[PDB]
Each structure stands twice: as C-alpha cells, then as structure tokens.
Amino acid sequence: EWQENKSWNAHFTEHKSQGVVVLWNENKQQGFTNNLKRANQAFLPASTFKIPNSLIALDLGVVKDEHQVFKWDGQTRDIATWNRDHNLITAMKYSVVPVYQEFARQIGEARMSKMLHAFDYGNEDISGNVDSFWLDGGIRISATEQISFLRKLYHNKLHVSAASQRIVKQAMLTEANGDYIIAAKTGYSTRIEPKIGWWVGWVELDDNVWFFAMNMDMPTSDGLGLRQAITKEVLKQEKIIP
C-alpha cells in the first residue's frame, strides 16, 4: 500500500534541493513517495496549521462566516499584504499570522487542546504560547499524517459541521481550469531548525482525487517558489496534470 519511487529525486537534484513528495490515489487506495523515511518524519506545521485553526474558530462561532471582516490592528509589519483588513478567504491566501493569532487567544488553551485531540492531528501536543505553538512550540506532524487529516476533511468526516468543512475547503482553492482543480495550503517554518517549506492539498479530476504533501529544506526564502514547482514536475511525470 506504500511504494517508493526514487526517479522523483531527479526533480529535487535538478533544482539544487532536498525533500519529499507524498501522493495518495483515492480510487486505488495506494500511496507513493521518493523517500519513506522522510515521509514519516514530523516537523512544525507552520502556516499549514491555518487549516485546523480555521475549522475550530468557525465551529465555536469565533468566526461567523467567510465574509466577516477582521480590521488591521494599525501596526506595520515586514509583509505588505498583512497591513490591511482581511476576511477568511484573503487571510488564508496571504498567510496573515496576526489574524490567526487573535483566533487562537479567543479559542484558549483548553478548547484548542481538546479540539485537536478530536482531529487526531500529529502528536496532538500544544505546549508553548497559545498564540505561537505551531511556529515555535511542541506540535509536530509528518507528510503521511497531513494526508490522513486531509482525506477526512475532503469526505466531511472530521467531528465538526459539514458547513465549517465546506467553507475551509473553499478558502483553500488555489488553481482551477478545464483539466483539474487544486485546493492547498503553503507553509514556511523558520523559528526552529531545520528551516523547511510545506505544500499540502489535493488535485480533483473528473473521475479521481490525488492527495499530496511535500516538505523541503529552505535555508533561505529564495527557494519558496520550488514548493509548488517541484510538486507540479512530479504530477506531470505521473500524467495526473498535462
């Protein structure tokens, strides 16, 4: 049910990179990766934690819906797109950390901990500050664990409302055309070594769904475009996208 495909290493080597891509074929119930060991290594989730954070904040009524406006607190920060008003759609699109830090404080430690246990998310450990544990605390998740969590979200089987799950899946929409749809989230963990980049989500076709999770070494921010580019080279090679 898990097969290793070392030919995908060519895509990492040609881009002067090191990492893992994991794919799951939903119709055939089979997994594929270039590296079984790194596929089961657990890291900080960084901004991929926006998926479970959104679901918990909607189910508890901390966020009313995808149109509610969260006003800029007034403080300038290094990322320009953060210095304005946002809704859930634009906060996910531009990875707006301060909006999600406010969500976490309103949820509080006790509810965050007990809701994550329900989703069986990684090592289920939230030790550290209630508003940064996913950036520099004790929570850890592997690429094969991201896939388990995403399949449950896709089939509306997490223990929250169907409506909450549909709103978060809409907010993950990244790309669509006549050939495929991609729903996904990026991450970048820089506070604790080793510094890594993430991309997790799925490709919906007419007759099948392909789940994916990838992470890669990211010693500096110059390689961030490679999260998406290396994943799309694997998808083209396997004939999932043209």
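Quick note: we count residues from 1 along the sequence shown, nothing fancier.
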Higher-B stretch (mean Cα B-factor, as the entry records it), 172-180 or 186-194: 186-194
If you average the Cα B factors in the entry, which is higher, 73-81 or 151-159? 73-81
Reading the B-factor column for Cα atoms of 130, 143, 167, 91, the highest value belongs to 130
Of the three thirds of its chain by CA temperature factor, lowest, middle or highest, which one includes residue 50? lowest
Could you place residue 213 in the lowest, middle or highest third of its chain by Cα temperature factor, using the values in the record? lowest
Third of the chain's Cα B-factor distribution that residue 231 belongs to, per the entry: lowest
Using the B-factors in the PDB entry, rank residue 36's C-alpha atom against the chain and give the third, lowest, middle or highest. highest
